[PDB]
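work13.cif (mmCIF, C-alpha atoms) appears below.
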data_input
loop_
_atom_site.label_atom_id
_atom_site.label_comp_id
_atom_site.auth_asym_id
_atom_site.auth_seq_id
_atom_site.Cartn_x
_atom_site.Cartn_y
_atom_site.Cartn_z
CA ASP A 32 44.63 81.41 13.09
CA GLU A 33 44.09 83.38 16.40
CA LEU A 34 46.21 85.86 18.57
CA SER A 35 45.77 86.60 22.36
CA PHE A 36 46.24 89.98 24.14
CA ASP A 37 46.49 91.12 27.72
CA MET A 38 45.27 94.67 28.47
CA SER A 39 46.36 96.97 31.31
CA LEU A 40 43.24 98.84 32.55
CA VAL A 41 43.14 101.98 34.77
CA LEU A 42 39.72 102.89 36.38
CA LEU A 43 39.59 106.53 37.55
CA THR A 44 36.78 107.25 40.01
CA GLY A 45 37.91 110.83 40.75
CA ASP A 46 39.98 113.66 39.14
CA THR A 57 37.61 116.32 47.28
CA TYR A 58 33.73 116.16 48.02
CA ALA A 59 33.34 112.39 47.31
CA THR A 60 34.10 110.18 50.35
CA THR A 61 36.46 107.15 50.27
CA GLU A 62 33.26 105.03 50.48
CA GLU A 63 31.67 106.81 47.48
CA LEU A 64 34.91 106.23 45.45
CA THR A 65 35.03 102.49 46.36
CA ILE A 66 34.64 99.79 43.74
CA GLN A 67 33.89 96.36 45.28
CA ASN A 68 33.25 94.62 41.90
CA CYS A 69 32.98 95.44 38.18
CA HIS A 70 32.03 94.10 34.75
CA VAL A 71 34.44 94.86 31.90
CA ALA A 72 33.31 94.39 28.31
CA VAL A 73 35.47 94.68 25.12
CA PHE A 74 33.78 95.31 21.73
CA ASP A 75 34.91 95.38 18.08
CA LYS A 76 34.21 98.27 15.60
CA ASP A 77 30.76 96.69 14.76
CA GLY A 78 29.69 96.66 18.49
CA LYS A 79 30.07 92.89 18.93
CA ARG A 80 31.33 91.87 22.38
CA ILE A 81 34.58 89.91 21.92
CA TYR A 82 35.56 89.71 25.64
CA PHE A 83 34.06 90.22 29.12
CA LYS A 84 35.23 89.59 32.71
CA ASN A 85 33.73 90.06 36.15
CA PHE A 86 36.21 91.30 38.80
CA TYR A 87 35.71 91.23 42.58
CA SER A 88 37.46 92.92 45.60
CA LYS A 89 40.45 90.43 45.60
CA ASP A 90 41.03 91.18 41.82
CA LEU A 91 40.57 95.01 41.94
CA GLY A 92 43.40 95.30 44.48
CA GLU A 93 43.87 98.49 46.55
CA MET A 94 42.70 102.05 45.66
CA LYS A 95 45.83 103.87 44.41
CA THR A 96 46.03 107.62 45.11
CA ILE A 97 48.52 110.24 43.80
CA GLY A 98 47.49 113.52 45.45
CA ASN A 99 44.27 114.70 43.70
CA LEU A 100 43.88 111.52 41.49
CA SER A 101 42.45 108.12 42.58
CA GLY A 102 41.80 104.75 40.98
CA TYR A 103 42.21 101.01 40.45
CA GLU A 104 44.44 98.94 38.14
CA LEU A 105 43.16 95.80 36.34
CA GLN A 106 44.47 93.17 33.95
CA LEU A 107 42.38 91.79 31.05
CA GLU A 108 44.01 88.41 30.26
CA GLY A 109 43.32 86.51 27.04
CA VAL A 110 41.45 88.97 24.79
CA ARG A 111 41.14 86.94 21.55
CA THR A 112 41.62 88.54 18.08
CA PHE A 113 42.26 86.76 14.73
CA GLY A 114 45.62 88.42 13.79
CA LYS A 115 45.46 91.19 11.13
CA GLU A 116 47.83 93.87 12.60
CA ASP A 117 46.13 96.71 14.66
CA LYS A 118 42.53 96.15 15.88
CA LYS A 119 40.56 99.23 17.15
CA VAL A 120 38.28 98.26 20.10
CA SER A 121 36.18 99.93 22.88
CA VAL A 122 36.09 98.96 26.58
CA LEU A 123 32.93 99.55 28.79
CA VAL A 124 33.14 99.23 32.62
CA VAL A 125 30.09 98.79 34.93
CA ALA A 126 31.19 99.03 38.60
CA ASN A 127 29.36 97.63 41.74
CA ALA A 128 26.42 95.99 39.81
CA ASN A 129 27.67 92.33 39.77
CA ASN A 130 25.92 89.42 41.53
CA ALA A 131 27.84 87.07 43.89
CA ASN A 132 29.59 85.01 41.04
CA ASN A 133 28.45 86.70 37.80
CA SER A 134 26.93 89.95 36.45
CA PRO A 135 23.44 90.82 35.07
CA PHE A 136 25.28 91.82 31.75
CA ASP A 137 26.83 88.39 30.98
CA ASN A 138 24.19 87.48 28.33
CA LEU A 139 24.50 90.89 26.51
CA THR A 140 26.22 89.97 23.21
CA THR A 141 26.18 93.49 21.55
CA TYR A 142 26.68 97.10 22.73
CA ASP A 143 23.75 98.61 20.71
CA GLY A 144 21.10 96.17 19.51
CA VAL A 145 17.35 95.35 19.43
CA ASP A 146 17.62 92.31 21.81
CA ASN A 147 20.19 91.47 24.59
CA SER A 148 22.10 94.77 24.37
CA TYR A 149 23.86 97.04 26.91
CA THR A 150 22.01 100.12 25.55
CA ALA A 151 18.63 98.37 26.20
CA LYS A 152 19.75 97.09 29.69
CA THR A 153 18.05 98.52 32.80
CA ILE A 154 19.30 97.77 36.33
CA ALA A 155 16.70 98.07 39.17
CA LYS A 156 19.10 98.02 42.20
CA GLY A 157 18.91 101.49 43.71
CA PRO A 158 21.72 103.61 45.21
CA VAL A 159 21.63 102.94 49.02
CA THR A 160 25.15 101.92 50.30
CA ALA A 161 27.91 104.58 49.82
CA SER A 162 30.58 101.85 49.27
CA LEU A 163 28.40 99.99 46.65
CA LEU A 164 27.38 102.90 44.33
CA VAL A 165 27.27 102.04 40.61
CA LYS A 166 29.82 103.78 38.31
CA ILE A 167 30.07 103.45 34.49
CA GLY A 168 32.70 104.44 31.87
CA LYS A 169 33.74 103.85 28.22
CA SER A 170 37.10 104.27 26.35
CA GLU A 171 38.32 103.61 22.77
CA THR A 172 41.79 102.07 22.08
CA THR A 173 43.80 100.05 19.48
CA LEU A 174 45.34 96.61 20.25
CA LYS A 175 48.91 96.74 18.78
CA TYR A 176 49.73 93.26 17.30
CA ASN A 177 53.17 91.63 18.11
CA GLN A 178 54.03 94.92 19.97
CA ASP A 179 54.54 95.91 23.65
CA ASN A 180 51.30 96.76 25.63
CA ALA A 181 50.32 100.32 26.80
CA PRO A 182 47.84 101.27 29.62
CA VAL A 183 44.26 102.33 28.74
CA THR A 184 42.46 104.56 31.24
CA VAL A 185 38.64 104.44 31.74
CA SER A 186 37.09 107.51 33.45
CA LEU A 187 34.10 106.32 35.51
CA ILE A 188 31.16 108.52 36.45
CA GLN A 189 28.76 108.15 39.35
CA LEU A 190 25.45 106.82 37.87
CA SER A 191 23.55 108.31 40.84
CA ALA A 192 23.16 111.87 42.13
CA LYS A 193 24.21 112.71 45.73
CA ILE A 194 21.73 114.89 47.72
CA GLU A 195 22.46 116.43 51.17
CA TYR A 196 19.62 118.19 53.10
CA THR A 197 21.47 120.76 55.27
CA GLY A 198 18.46 122.17 57.23
CA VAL A 199 16.47 125.43 57.57
CA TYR A 200 18.28 128.74 58.36
CA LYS A 201 17.20 132.27 59.33
CA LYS A 202 17.18 134.34 56.04
CA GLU A 203 18.28 137.45 58.07
CA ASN A 204 21.58 136.21 59.65
CA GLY A 205 22.27 132.68 58.24
CA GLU A 206 21.81 131.10 61.68
CA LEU A 207 20.71 127.45 61.71
CA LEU A 208 17.29 126.74 63.33
CA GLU A 209 16.66 123.78 65.62
CA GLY A 210 14.03 121.29 64.45
CA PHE A 211 12.90 121.15 60.78
CA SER A 212 13.64 117.37 60.74
CA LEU A 213 13.61 115.49 57.45
CA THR A 214 10.84 112.90 57.94
CA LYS A 215 10.31 111.67 54.32
CA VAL A 216 11.75 111.77 50.81
CA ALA A 217 9.33 110.61 48.15
CA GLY A 218 10.02 109.98 44.45
CA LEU A 219 13.65 108.70 44.57
CA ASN A 220 14.52 106.45 41.56
CA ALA A 221 15.84 102.86 41.87
CA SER A 222 16.08 102.01 38.08
CA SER A 223 18.64 103.18 35.45
CA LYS A 224 20.17 102.75 31.98
CA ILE A 225 23.95 101.91 32.00
CA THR A 226 25.18 103.51 28.71
CA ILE A 227 24.55 107.20 29.66
CA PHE A 228 27.68 109.25 30.42
CA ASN A 229 26.74 113.01 30.35
CA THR A 230 27.27 114.47 33.85
CA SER A 231 25.60 117.74 32.59
CA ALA A 232 22.27 116.46 31.10
CA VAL A 233 19.55 114.10 32.41
CA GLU A 234 19.48 110.97 30.08
CA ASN A 235 17.97 108.13 32.24
CA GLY A 236 14.46 107.12 30.95
CA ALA A 237 14.20 104.15 33.40
CA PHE A 238 12.19 104.62 36.65
CA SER A 239 11.03 102.58 39.72
CA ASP A 240 10.29 103.72 43.31
CA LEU A 241 13.26 103.91 45.79
CA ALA A 242 12.15 103.89 49.40
CA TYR A 243 13.49 106.50 51.78
CA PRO A 244 15.38 104.50 54.49
CA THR A 245 13.78 104.07 57.96
CA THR A 246 17.05 105.61 59.41
CA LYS A 247 15.88 108.92 57.70
CA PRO A 248 19.41 109.96 56.48
CA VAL A 249 20.38 113.60 55.72
CA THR A 250 22.61 112.46 52.76
CA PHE A 251 20.78 110.20 50.26
CA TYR A 252 21.01 109.05 46.56
CA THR A 253 18.87 108.52 43.43
CA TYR A 254 19.29 107.64 39.77
CA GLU A 255 18.39 110.45 37.23
CA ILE A 256 14.72 111.13 36.39
CA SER A 257 14.03 112.37 32.78
CA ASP A 258 10.23 112.96 33.21
CA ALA A 259 9.74 116.75 33.56
CA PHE A 260 6.46 116.04 35.52
CA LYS A 261 8.10 113.90 38.28
CA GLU A 262 9.04 115.34 41.69
CA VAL A 263 11.25 114.52 44.67
CA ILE A 264 9.14 115.59 47.73
CA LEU A 265 10.73 116.45 51.09
CA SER A 266 8.53 116.25 54.24
CA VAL A 267 10.08 118.58 56.86
CA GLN A 268 8.66 119.26 60.41
CA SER A 269 6.88 122.64 60.60
CA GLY A 270 5.19 122.04 63.98
CA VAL A 271 2.31 119.58 64.58
CA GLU A 272 2.29 118.03 61.04
CA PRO A 273 5.31 117.95 58.62
CA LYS A 274 4.75 119.99 55.44
CA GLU A 275 5.57 118.69 51.90
CA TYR A 276 8.06 120.58 49.70
CA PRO A 277 8.50 119.50 46.01
CA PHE A 278 11.67 119.77 43.85
CA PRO A 279 11.94 119.12 40.04
CA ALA A 280 13.25 115.53 39.81
CA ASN A 281 15.16 116.30 36.54
CA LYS A 282 17.44 118.86 38.39
CA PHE A 283 19.45 115.96 39.98
CA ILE A 284 21.88 114.75 37.29
CA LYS A 285 24.12 111.66 37.69
CA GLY A 286 27.66 112.38 38.85
CA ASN A 287 26.69 115.54 40.75
CA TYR A 288 26.51 116.50 44.50
CA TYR A 289 23.66 118.73 45.68
CA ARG A 290 22.75 120.53 48.92
CA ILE A 291 19.14 121.51 49.87
CA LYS A 292 18.99 124.50 52.20
CA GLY A 293 15.90 126.42 53.35
CA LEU A 294 15.55 130.10 54.39
CA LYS A 295 12.86 130.94 57.06
CA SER A 296 11.55 134.54 57.20
CA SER A 297 8.55 134.43 59.72
CA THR A 298 6.46 133.71 56.53
CA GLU A 299 7.19 130.72 54.25
CA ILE A 300 10.54 128.95 53.45
CA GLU A 301 12.69 129.97 50.42
CA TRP A 302 14.49 126.78 49.27
CA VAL A 303 17.97 126.77 47.68
CA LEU A 304 19.34 123.98 45.49
CA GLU A 305 23.15 124.06 45.26
CA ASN A 306 25.34 122.17 42.77
CA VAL A 307 28.43 121.81 44.99
CA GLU A 308 31.12 120.88 42.38
CA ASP A 309 29.90 123.58 39.92
CA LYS A 310 29.52 126.20 42.73
CA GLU A 311 26.03 127.23 41.50
CA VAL A 312 22.73 127.84 43.35
CA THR A 313 19.05 127.74 42.13
CA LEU A 314 15.93 129.14 43.90
CA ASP A 315 12.46 130.57 42.98
#
As structure tokens, the full file:
Amino acid sequence: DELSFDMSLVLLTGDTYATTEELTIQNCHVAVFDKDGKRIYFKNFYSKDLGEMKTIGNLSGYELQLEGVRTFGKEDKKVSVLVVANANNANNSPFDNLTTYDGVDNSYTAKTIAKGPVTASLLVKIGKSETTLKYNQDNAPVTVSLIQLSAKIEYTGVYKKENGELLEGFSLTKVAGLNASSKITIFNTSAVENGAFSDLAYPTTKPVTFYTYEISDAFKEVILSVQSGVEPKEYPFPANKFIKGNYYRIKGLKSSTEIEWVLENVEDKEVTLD
């Protein structure tokens, strides 16, 4: 005795600061679990399966079909669906051998990915939703709201404190302390939860907009090396201020003395300085 369901899945990347690249999903891993956290179904989707990015004004996302989710037929069955976007390998995902959501061995909560945020169009997103599979009844769509597992950081230069005029020079030469490792079951876009850490090199193209996974250690720093004449000076920021699913701007204020740095949380419209 066994019944088979097909689920309609909606992946929402955004609900106007994120670029089309940063909203792109090229591949994903979808996992379905029972009430006890046992994985009953999983599927790895790629660009031909994900289809096109649908957009209705302010909203944007992808539609997916989960064919052949097997149950054992006892009316309604409450389940949860977890989506990990842009972390798959060529033909499979690193999560394929994870048989439980929360467990001691081979679990999604224990899983750490070490592939750092570098490409805007291949940024990892994660989401989880709870639903009920209605037996011998017509299907209904289930939406999964995905968050950005990385933080977005834009260095916008050094300005004159007196008039707000942008100064020439003050080139970003180095960013040290960016994180390339992360947990995949953390969804709070307001608190730092990632305990995983490994060094993420600052690209040789020295970009002004760059990414990192969260850093929980209160003693870790993200250090910016900006030109101040002959030798570039180091400027440290608390690594735990950059939370996943947020966009930040680093601005400096020159006053013929030192530089007064400003950390802005763009979506929240908040600023933090000394």
Quick one: which residues end up in the PyMOL selection byres ((chain A and resi 123) around 6) for this structure, as an MDAnalysis selection string?
-> chainID A and resid 71:72 122 124 168:169
Residue A:166: which residues within 6 Å, counting all atoms listed in the file, same-chain residues fewer than 3 positions away excluded, as a PyMOL selection string?
-> chain A and resi 126+187-190
Could you check which of A:212, A:162, A:85, A:147 is closest to residue A:106, using all atoms listed in the file?
-> A:85
If you count all atoms listed in the file, which residues fall within 8 Å of residue A:128, apart from same-chain ones fewer than 5 positions away, as a ChimeraX atom specification?
-> /A:68-70,134-135,156,165
Please write as a ChimeraX atom specification the list of polymer residues whose atoms come within 9 Å of (42.2, 102.7, 38.7), counting only C-alpha atoms and keeping to the coordinates of the file.
-> /A:40-44,91,94-96,101-105,184-186
Go ahead and write the residues just picked, C-alpha atoms, as a PDB file, keeping the file's coordinate frame.
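Contents of the output file out-v4.pdb:
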ATOM      1  CA  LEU A  40      43.240  98.840  32.550  1.00  0.00           C
ATOM      2  CA  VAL A  41      43.140 101.980  34.770  1.00  0.00           C
ATOM      3  CA  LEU A  42      39.720 102.890  36.380  1.00  0.00           C
ATOM      4  CA  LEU A  43      39.590 106.530  37.550  1.00  0.00           C
ATOM      5  CA  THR A  44      36.780 107.250  40.010  1.00  0.00           C
ATOM      6  CA  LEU A  91      40.570  95.010  41.940  1.00  0.00           C
ATOM      7  CA  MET A  94      42.700 102.050  45.660  1.00  0.00           C
ATOM      8  CA  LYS A  95      45.830 103.870  44.410  1.00  0.00           C
ATOM      9  CA  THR A  96      46.030 107.620  45.110  1.00  0.00           C
ATOM     10  CA  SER A 101      42.450 108.120  42.580  1.00  0.00           C
ATOM     11  CA  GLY A 102      41.800 104.750  40.980  1.00  0.00           C
ATOM     12  CA  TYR A 103      42.210 101.010  40.450  1.00  0.00           C
ATOM     13  CA  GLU A 104      44.440  98.940  38.140  1.00  0.00           C
ATOM     14  CA  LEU A 105      43.160  95.800  36.340  1.00  0.00           C
ATOM     15  CA  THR A 184      42.460 104.560  31.240  1.00  0.00           C
ATOM     16  CA  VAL A 185      38.640 104.440  31.740  1.00  0.00           C
ATOM     17  CA  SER A 186      37.090 107.510  33.450  1.00  0.00           C
TER      18      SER A 186
END
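Pairwise distance (atom CA of residue A:230, atom CA of residue A:283) equals 10.0 Å.
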